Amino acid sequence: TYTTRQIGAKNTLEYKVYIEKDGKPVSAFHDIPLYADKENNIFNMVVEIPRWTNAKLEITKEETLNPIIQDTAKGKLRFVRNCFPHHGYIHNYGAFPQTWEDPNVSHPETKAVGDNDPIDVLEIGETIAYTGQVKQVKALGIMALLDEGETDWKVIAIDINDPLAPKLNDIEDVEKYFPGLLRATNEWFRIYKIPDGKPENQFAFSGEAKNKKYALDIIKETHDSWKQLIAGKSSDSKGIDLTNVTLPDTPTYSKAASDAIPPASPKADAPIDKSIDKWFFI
């Protein structure tokens, strides 16, 4: 049983969300198994941002036990802007634990280094997720996003408890039941940061969403990359905090990291500035 420990009021600089393992804080990047069912390829996804929300909550690499915190830019809370016809994030967005997009290396398909973070998952179920929630999903395909020149693969997946779960098994089913969702995913990731001064993103494979096989090859590679990492054999760890509480053969393993963590102090959500409302017509 994975739960959540909320410290602070959502939408504040102070807001932290730690994942708990049967009541004890674990590392959201390290102590949560990639696979819930390896045989079958059922993955564990850590949800960072709920669908149609704007706060840019992220699993923080350099904090101990990598809590999910809102990203900041120039001292301020970061929020993604609404770009017509979309309203915030159009997917439940998060990542697969125990994966690492090697910054030190130029993945051969996209020809650019990874973006230094857990691989990214777009979860397309019909229920809006919650922050710090662990969900079991099935990968259906993958997109090669080059986000600011950096390899940043987007894995398309679905909550296995989703009513259509059974009917979706490969990328081509995405278009049969969620027609146009895959083209909106291409357009959303090309332009979301334009209202921020960033250039427009680009996709490898001409925006081709790769199938479950290819995707599965990519999650493994990334998962192997994390293996070199938490083990201690990465060429450059970039100062990621490797503290964990469940991999005992690791240099960085450390029980008591968990007792170290402060109790939940959940507070009512802080309000978001009315500028976030703005709808951009890009």
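For every residue, the number given is its place in the sequence shown, counted from 1.
In this entry, 110-118 has the higher mean Cα B-factor, the comparison being between 159-167 and 110-118. Mean C-alpha B-factor is higher over 200-208 than over the other stretch, the pair under comparison being 200-208 and 130-138. Per the PDB record, 251 has a higher Cα B-factor than any other of 33, 67, 251, 50. Highest CA B-factor among 73, 143, 80, 105, as stated in the entry: 105. Among all modelled residues in this chain, the alpha-carbon of residue 2 has a temperature factor (C-alpha) in the highest third. When the CA B factors of the chain's modelled residues are split into thirds, the value for residue 233 lands in the highest one. Per the deposited record, the Cα B-factor of residue 256 falls in the highest third when ranked against the other modelled residues of its chain.
Per-chain ranking of the deposited C-alpha B factor places residue 59 in the middle third.
Annotation for residue 216: CA B-factor lies in the middle third of the chain's modelled residues.
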